[PDB]
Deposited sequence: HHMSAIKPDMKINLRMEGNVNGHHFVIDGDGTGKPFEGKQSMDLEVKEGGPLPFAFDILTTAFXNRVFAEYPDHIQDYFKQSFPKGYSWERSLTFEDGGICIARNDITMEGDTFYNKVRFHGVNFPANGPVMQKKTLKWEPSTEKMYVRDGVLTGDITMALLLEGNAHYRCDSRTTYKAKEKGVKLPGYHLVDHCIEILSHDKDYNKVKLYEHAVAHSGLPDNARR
């Protein structure tokens, strides 16, 4: 409908501030990605509150659905929200009562996406896998995208693999809102995700993160 100004190779700048279980932190991010291939990588550095007393994994989905491969037949709300950009709000509900909220305001200047991220988490039990740092990774997921109360909404059944091979369940709901008027809303669709910490130092003060995401219509034609 208009030129997004999104290049096949983009830079990513990010600042997160937040508080989990009373512990304040600031984390900076610098990365690169390929929006049309749905792939991105980022180097993160804890600037305040290091070392973190909680599992770094709970934060990683808060570190942009622009980085998702959208096929021609599915409306791409995220790429169409640029150059102006968009924002999202998210709740994360963990099976043991831990609850997080998160926000990201996403803008673009030239070849770089800028991200102002906030993350707040409460009610994580002392001996749960989050405060005990017993998480290994997020398992691959599928986000369900649909218009709810006039707003594009993504719901996800997520699972963290734990040490000892158990899983730890988290339900995610994200609301996505374009900054500019006139962005077409998509029909129901699915977005496959996989996210991975490629490397980190001992205290997770420095972390290299990667995501791959692909939009599709599900069976039978996916």
The deposited sequence goes unmodelled at 64, 224 to 226
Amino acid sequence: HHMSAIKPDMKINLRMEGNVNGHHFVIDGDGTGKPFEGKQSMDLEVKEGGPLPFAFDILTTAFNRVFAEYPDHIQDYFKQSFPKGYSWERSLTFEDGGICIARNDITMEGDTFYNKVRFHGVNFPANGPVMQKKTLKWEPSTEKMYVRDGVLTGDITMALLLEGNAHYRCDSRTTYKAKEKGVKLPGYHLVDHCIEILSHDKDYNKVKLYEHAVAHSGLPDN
From here on, numbers count along this sequence of modelled residues.
Mean Cα B-factor check, 177 to 185 vs 45 to 53, entry values; winner is 45 to 53
Taking the deposited Cα B-factors and averaging over 93 to 101 and over 109 to 117, the higher mean is found in 109 to 117
Temperature factor at the Cα of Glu163, chain-ranked in thirds, falls in the highest
On the chain's distribution of Cα B-factors, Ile58 falls within the third called lowest
Sorting the chain's modelled residues by C-alpha B-factor and splitting them into thirds places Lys137 in the middle
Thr32: CA temperature factor from the record, placed by chain third, in the highest
